[PDB]
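One chain follows as structure tokens, the form deposited in one PDB entry.
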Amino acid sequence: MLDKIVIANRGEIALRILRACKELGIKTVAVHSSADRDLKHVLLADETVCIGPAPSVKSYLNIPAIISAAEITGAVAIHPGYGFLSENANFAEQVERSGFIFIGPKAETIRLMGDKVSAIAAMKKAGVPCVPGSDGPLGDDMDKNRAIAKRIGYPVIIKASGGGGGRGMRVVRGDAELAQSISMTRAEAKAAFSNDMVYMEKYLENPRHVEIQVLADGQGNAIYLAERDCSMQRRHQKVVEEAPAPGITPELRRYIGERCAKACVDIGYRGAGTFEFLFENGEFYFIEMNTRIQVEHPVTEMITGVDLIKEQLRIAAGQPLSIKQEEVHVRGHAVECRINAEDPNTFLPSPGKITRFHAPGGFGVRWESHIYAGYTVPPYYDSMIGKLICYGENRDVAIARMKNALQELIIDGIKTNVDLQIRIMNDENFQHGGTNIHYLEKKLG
């Protein structure tokens, strides 16, 4: 097992990885900004290093500082969690080059799946269902591009090859708007990503968001740990997630899971990963791979028994997968509510000090958060401050548990989405199950 790792993150996931390390006897190093000295996991870590000032760009995105910190402390591995540097191929490359274990995929793999055009092609080659699309970048020839649109069928959606998740992409319904939209999406991507490559895909009107969890060693073994539904979302941001996805049959699960597992073998995937699919009319369509742990991992954990973070550390230590596919069983149901520090009336992030905190408890209730009474939420980072996960023998039990658990939660001194969460749990369509990626905004206005 790894002697000592650096937790290249903050917030709830940093604490999450800390417990995992602790349970395994692994020494922890907390690298933090100057504004994050009072994080729970930083106060718990065996060792702390300040890697720079408050802004993420000079701290948590500061590669040289992170590696110096891993160097000074005598660490052997670096867990990047999610966001920040987790999908930065050059970070992963430099870690390995510096001689550390990178807790995640090889640099090439991140690069392959971090370019949506190259990602979709590797998925197509491995036999992963994708959205009908241009099967390459778009040219400057507008006769071609109007015919590609015809070949697939409007509506189509111009997307950025560098971007993703609503970032630099727009819907086109006729020929007249295609001319303007392509060159606009080209420039928008040239803005934040320094990549002007764009492609075309069929625009699905009303899809659900179903994604598959995978684990893989570096060594020709790969498994899938069922799926999650994450359709309930706001401006392309997940607000609620659940496992398994309502309506998905054991036949379909086996089908898509086997393909995802196979894809891991074809691309040489290592560590945890998720294949994100839009799900419509009984069909799946790949849209991007997150080559990293996800925020919503705990739902999969509850229903499968698998400590995903601990498997990540085991795979990193070079241990082959101890768990065979036929050992992984879906049992019960889990829902996760993202707890955000935000104005319920404006959705603007609401930082500040927490004057009274009370977490929910009881059978089936899992609370993942770094927050405590007296803790100050800084304005510099993501608004998500906690994750509440409720498991039960079935979906209705899990939902009823979430309802009661959200009414026990107290976070005073800052504004929270808690009461939106309460309102989403009570939604009569969410209770039937299977609402699509537009549902939440339709319910709101």
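So that there is no doubt, residue numbering starts at 1 and follows the sequence shown. Only residues modelled in both forms are compared. Here, rigid core means the biggest group of C-alpha atoms that superpose within 1.5 Å across both forms.
Checked against the other entries of this protein, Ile339 counts as resolved in every one of those spanning it, not missing from a third of them.
Of the other entries compared for this protein that flank it with modelled residues, all give atoms for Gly273, so not even a third lack it. 170-178 and 306-314 differ in mean CA B-factor, and the higher of the two is recorded for 170-178. Stretches compared: 49-57, 387-395. Higher mean C-alpha B-factor in the entry: 49-57. Each of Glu276, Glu296, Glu327, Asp229 has a CA temperature factor in the record; the biggest one is found at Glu327.
For the set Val210, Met113, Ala147, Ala359, the maximum C-alpha B-factor listed in the entry falls on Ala147. In this PDB entry, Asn436 carries a Cα temperature factor that places it within the middle third of its chain's modelled residues.
Sort the modelled residues of the chain by CA B factor and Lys202 lands in the highest third. Per the deposited record, the Cα B-factor of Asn429 falls in the highest third when ranked against the other modelled residues of its chain.
When all modelled residues of the chain are sorted by CA temperature factor, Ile158 is found within the highest third. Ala192 sits in the highest third of its chain by CA B factor, as recorded in the PDB entry.
Below, we turn to the form deposited in another entry, even though it does not appear here.
Once both forms are fitted on their core, a CA shift of 2 Å or more is seen for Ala147 between this form and the one not shown. Once you line up the core between this form and the one not shown, the Cα of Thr109 stays within less than 2 Å of where it was.
Note: the CA-CA distance for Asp115 and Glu177 expands in the other entry relative to this form, by 3 angstroms or more. Fitting the two forms on their rigid core shows CA movement of 2 Å or more between this form and the one not shown over runs of at least three residues at 133-159, 169-187, 199-203.
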